[PDB]
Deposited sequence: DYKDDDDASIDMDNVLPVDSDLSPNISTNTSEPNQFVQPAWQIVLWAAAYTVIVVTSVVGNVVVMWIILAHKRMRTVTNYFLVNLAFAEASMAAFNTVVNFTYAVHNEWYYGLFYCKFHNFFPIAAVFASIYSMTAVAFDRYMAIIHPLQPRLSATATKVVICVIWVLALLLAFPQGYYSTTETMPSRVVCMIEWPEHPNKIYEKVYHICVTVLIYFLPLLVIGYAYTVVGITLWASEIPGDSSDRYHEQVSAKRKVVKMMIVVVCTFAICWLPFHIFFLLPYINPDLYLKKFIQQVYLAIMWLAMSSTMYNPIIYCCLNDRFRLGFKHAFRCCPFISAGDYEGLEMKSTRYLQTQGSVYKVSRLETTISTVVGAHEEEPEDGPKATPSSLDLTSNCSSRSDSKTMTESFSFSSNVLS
């Protein structure tokens, strides 16, 4: 059994993960409390914001901690039912977070470019939230259904036993389809919407701060979500890379890089608006 690490690397990775999980859960539940608890911020505008905050808190509470405790020593510690639940729910949380970000960009585009049109109703907002969560669960279902737990000499592993085929069509088509549905489409949507809004907007300093914020959001999304999909699309091109400790170093690095995208949005909301600054001042 080769997947074992000494003390110092484990200490370094534990600190580097503890910082981001503490910052993510504290910022997201504080922002959710500020919107839901002051009785003047409960507005149709902020529903997608509290949906994104809940999705990011659920994404950073389970999917980072359990994957870290599985990636330290490559052993499973909980059981078959938690293997099923972990392969079902937090991937749907990731999908719901990304589509909530796309919905927020959509409302900002229609608020700035077409101001005279009325904003969407409360029931349409609730239907869009429900469709987002149902689509996330339906996309994350086949990974959690086929998940299983197998024993080996000094190993217990939770894996995804896909149905066998001589050419490996099912998992290849599924991984290519989920790569297209995560990465390429909402990057294009957010890029086009924020490009048009930034071109229109570019008290000039507040508008330039808004344009710089959208540039930061698009750049961090692309740079922090590229190598995650590169690594998960890797083993259909050269599958001999998965038999060394270098690949678990690469996995831990890309997992930190992918889950570092959770902390950015409460910092942005505290930076721009003064009412959110008063909310953080009253909450602390």
Check your understanding: In sequence order, which deposited residues have no C-alpha?
Key -> 1 to 33, 236 to 249, 332 to 418
